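Below: one structure, written as structure tokens.
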There are 4 protein chains.
Amino acid sequence: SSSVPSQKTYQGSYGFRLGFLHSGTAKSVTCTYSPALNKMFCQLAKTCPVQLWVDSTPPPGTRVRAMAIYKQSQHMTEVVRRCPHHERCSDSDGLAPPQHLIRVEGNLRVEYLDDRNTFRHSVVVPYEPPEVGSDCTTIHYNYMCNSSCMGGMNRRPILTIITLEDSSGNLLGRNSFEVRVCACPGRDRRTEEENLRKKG
Amino acid sequence: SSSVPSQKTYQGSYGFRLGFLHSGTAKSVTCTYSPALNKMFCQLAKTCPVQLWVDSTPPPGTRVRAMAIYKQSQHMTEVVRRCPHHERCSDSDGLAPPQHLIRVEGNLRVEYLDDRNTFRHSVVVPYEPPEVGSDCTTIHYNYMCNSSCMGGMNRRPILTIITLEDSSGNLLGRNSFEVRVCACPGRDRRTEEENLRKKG
Amino acid sequence: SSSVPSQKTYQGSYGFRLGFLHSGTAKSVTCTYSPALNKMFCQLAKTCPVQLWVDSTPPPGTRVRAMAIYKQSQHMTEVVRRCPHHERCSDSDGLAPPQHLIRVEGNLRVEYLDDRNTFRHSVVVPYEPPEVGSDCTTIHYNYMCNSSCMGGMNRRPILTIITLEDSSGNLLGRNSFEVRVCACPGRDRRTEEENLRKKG
Amino acid sequence: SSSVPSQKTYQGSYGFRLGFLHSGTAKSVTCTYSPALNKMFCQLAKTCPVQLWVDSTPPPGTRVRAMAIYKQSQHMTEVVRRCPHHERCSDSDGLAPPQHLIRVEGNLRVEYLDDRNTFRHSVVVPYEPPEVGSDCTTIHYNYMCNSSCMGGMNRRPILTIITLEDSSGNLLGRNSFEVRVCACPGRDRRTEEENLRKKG
DNA sequence: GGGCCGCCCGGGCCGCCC
DNA sequence: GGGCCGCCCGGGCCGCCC
Ligand SMILES: [Zn+2]
Ligand SMILES: [Zn+2]
Ligand SMILES: [Zn+2]
Ligand SMILES: [Zn+2]
């Protein structure tokens with residue numbers, strides 16, 4: 001069986017999709033999302049709000065998992081991890097293992113997992129339905145390396161795969177988006193969108 | 001579950017809303033409220049009158065809680081607290097813990113709380129209905145740091161979240177407003193309203 | 001007896017004077033010295049090289065002490081200390097008490113002292129004569145607060161007093177210089193020198 | 001006493017000086033030396049031949065030590081070491097500790113040392129006099145990180161300090177040169193020499 | 001050899017003195 | 001009320017792809 005998790009969109013029977021805030025492209029905005037590229041541009045260790053939208057209410061005990069894979073076929077089989085420099089940084093919140101790229105902040109029930117067969121990292125929180133009058137629930141993710149980090153992602157693009165899973169382990173829905181963690185998200189989003197228009 | 005309290009307005013079945021006095025924008029007025037920005041501008045440790053308005057009378061034992069959160073997504077998970085300088089100031093009224101930003105003055109039944117899971121501070125008083133002939137009840141809040149304080153809010157905007165809660169802990173209503181604690185509330189309100197008009 | 005150490009220059013029988021490197025006034029240079037003002041401009045926690053020049057060799061066991069006092073008569077009696085914010089910072093090198101403003105880096109025999117009568121802080125290293133062919137010895141000082149720090153120096157200028165002391169405690173020589181610890185030493189040096197010329 | 005080794009040239013009673021090969025400035029030459037800058041430009045882990053020249057023959061048991069320090073006063077006190085990424089690389093020759101920046105290749109009597117007081121690294125070989133008819137002896141040094149390495153030198157220039165020491169520990173001579181380890185030594189030497197001419 | 005991403009840089013934007 | 005210091009900001013400056 002494959003050791004590479006699927007990235008295939010599966011909005012499923014609950015109508016699961018992601019949403020992202022409108023942030024603009026000021027040069028050093030902390031986080032911004034390109035709909036044309038389905039790509040988040042964000043700064044190291046800065047809050048990245050991701051909205052969970054469903055048409056139908058998931059069952060009690062549903063979980064939300066996030067995991068990173070390399071986007072390019074050439075690198076898919078390599079586990080996405082923090083680089084050695086940032087791994088040794090004294091920046092752990094007391095729960096995230098220092099090797100994990102993706103953290104969740106602001107959640108009292110976060111779980112960090114290492115797959116015993118694929119060695120891949122993931123971070124899980126319970127799914128909570130929106131407040132009355134609200135249409136979505138927001139998770140604050142953090143990416144703890146730049147895409148460029150030597151000895152880590154080393155300029156290779158990643159996908160974040162968000163899965164909605166019931167307590168039994170059934171896949172209720174899947175979505176994914178590309179991530180670039182970089183110093184100047186607004187500059188780099190504009191550059192990549194312009195290159196898409198000019199040369200894509 | 002989230003460690004960030006919701007800011008979502010919930011005027012609820014009792015028709016709960018806040019009111020603020022008309023104060024003007026003389027440069028150093030002690031407290032002034034901008035309806036356009038839903039924002040209070042006030043000076044450190046000065047009285048900030050907040051009115052509670054309801055259409056229907058809350059049940060006996062209802063309580064009024066105030067808590068601060070950072071407004072920006074990037075800072076929401078950080079607990080709002082006093083800076084180290086003002087924390088060591090001998091300005092405690094004998095009841096407020098020195099780390100708490102928000103105090104209530106002039107109430108014999110004030111309670112200061114530290115959440116055992118989120119570590120967030122709040123201050124609670126009993127809800128009292130208006131006097132006959134009066135349409136609202138007023139609480140005098142104090143903010144014990146400037147928004148700019150180094151090692152505390154450090155120029156980051158906060159929201160104050162006011163909740164009306166029954167004795168059992170049900171949320172009866174919720175309102176919130178932005179706060180800037182600053183040396184010159186009248187100047188800064190005018191500046192922010194003008195920037196809204198010109199560049200918002 | 002006075003609790004304020006003397007600032008009076010005493011170059012003494014060994015011909016003791018200080019020297020400073022030529023650094024220029026690029027806006028954010030880390031450290032720069034104004035001869036006209038006898039004033040060092042430097043950034044928080046950045047190396048400040050100070051040269052010790054003597055005409056005659058001090059005796060074995062000579063010590064070099066540095067201490068800060070407020071320059072203005074109105075503040076001389078207050079002990080110069082780190083502000084509460086930086087005092088709680090996890091920036092101690094394992095030897096300097098967190099309250100001390102002045103540190104010495106790169107010396108295996110540094111001693112930090114608190115005066116039991118005046119409560120004033122000082123930092124001492126052994127005097128070592130220059131290498132053959134060299135005319136001076138250099139100490140790397142660090143200032144661990146900005147001059148502007150709220151709850152610390154709070155925009156008040158300080159003097160650093162450097163004393164050459166024999167092992168018995170005799171004062172062999174004294175020199176002093178003004179210090180401004182600031183974000184932009186080059187800007188601020190130029191500003192202060194221009195104000196001296198225009199308005200001094 | 002200082003934890004920073006002296007860089008002061010001391011050609012001494014044996015007339016000790018260094019020599020470097022003429023290599024040119026082809027863009028990616030592996031190693032090239034700028035006399036104007038007293039600076040070696042070389043690639044990671046590539047051979048850097050350094051010549052030892054003496055006028056008088058050192059005594060038996062003389063040793064040659066190489067050590068790196070940061071050139072800028074602001075960084076002198078920090079120990080120069082390999083970055084975390086290259087430290088975990090399986091590139092050890094069986095003798096050099098993985099944390100050491102400077103290695104010697106091609107010598108059966110190399111010794112790697114960690115100073116118990118300063119924690120600084122050095123690498124030592126016995127001094128051997130030139131062959132009859134030869135005027136110098138050559139040591140092949142290797143630098144195991146780029147000057148730019150994140151978490152290591154991080155774009156900060158270093159000096160290599162070469163000391164000639166007798167077996168008793170007397171300093172017989174000292175020389176030093178700046179090093180830049182980089183991808184394109186020929187480009188970067190030309191750039192730095194041109195900037196010296198134009199803006200130095 | 002030509003040329004394409006983190007960070008440095010001078011310009012300019014909130015408590016307190018007058 | 002007028003006006004005088006830390007930090008944000010867009011412009012632009014080294015390993016690696018071609
Ligand atoms: Zn990293
Ligand atoms: Zn404060
Ligand atoms: Zn301070
Ligand atoms: Zn390296």
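What's counted below: heavy atoms across the whole structure, side chains too, no hydrogens, waters or symmetry copies. Throughout, protein chains are lettered first and strands after them, A, B, ... in sequence-line order, and every chain is numbered starting at 1.
- Counting only N and O atoms by type, the side chains of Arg189(B) and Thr32(B) include a donor and acceptor under 3.5 Å apart.
- Side-chain proximity of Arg187(B) to the nucleotides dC7(E), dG15(E), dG1(F) is greatest for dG15(E).
- The partner of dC18(F) is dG1(E), judged by Watson-Crick or G-U wobble contacts that both fall below 3.5 Å.
- For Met150(B) and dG15(E), the CE to P distance is 13 Å, given to the nearest whole Å.
- Checking the phosphate oxygens (OP1, OP2) of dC14(E), no side-chain nitrogen or oxygen of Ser148(B) falls inside 4.0 Å.
- By the 6.0 Å and 45° rule, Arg180(B) does not stack over the aromatic ring of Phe41(B).
- Side-chain proximity of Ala183(D) to the nucleotides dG3(F), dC16(F), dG6(F) is greatest for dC16(F).
- In a base pair of the Watson-Crick type (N1 to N3 plus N6-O4 or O6-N4) or a G-U wobble (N1-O2 and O6-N3), with each distance short of 3.5 Å, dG10(E) is matched with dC9(F).
- When each of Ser147(C) and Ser28(B) is assigned the nucleotide of DNA chain F with its nearest heavy atom, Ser28(B) is the one assigned upstream, toward the 5' end.
- Rounded to whole Å, atom P of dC4(E) lies 16 Å from atom CD of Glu192(A).
- A salt bridge is absent between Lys27(C) and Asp188(C); no separation between the charged side-chain nitrogens and carboxylate oxygens falls under 4.0 Å.
- The nucleotide whose nearest atom lies closest to any side-chain atom of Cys184(D) is, among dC16(F), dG10(E), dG6(F), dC16(F).
- Judged by distance alone, the side chains of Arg103(D) and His100(D) never bring a donor and an acceptor atom under 3.5 Å apart.
- Checking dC16(E), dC5(E), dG12(F) against the side-chain heavy atoms of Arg180(A) singles out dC5(E) as nearest.
- Atom CG of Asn146(D) and atom P of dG15(F) are 5 Å apart (whole Å).
- Distances were taken from every side-chain heavy atom of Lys27(D) (C-beta onward) to each of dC16(F), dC14(F), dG11(F); the shortest belongs to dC16(F).
- Atom-to-atom, CZ of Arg190(A) to P of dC5(E) comes out at 16 Å; the value is rounded to the nearest Å.
- When the side-chain nitrogen and oxygen atoms of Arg155(A) are compared with OP1 and OP2 of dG15(F), none of them lie within a distance under 4.0 Å.
- Atoms CG (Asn154(D)) and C1' (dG6(E)) sit 10 Å apart, rounded to a whole Å.
- If you take CE of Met153(C) and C1' of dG15(E), they are 17 Å apart, rounded to a whole angstrom.
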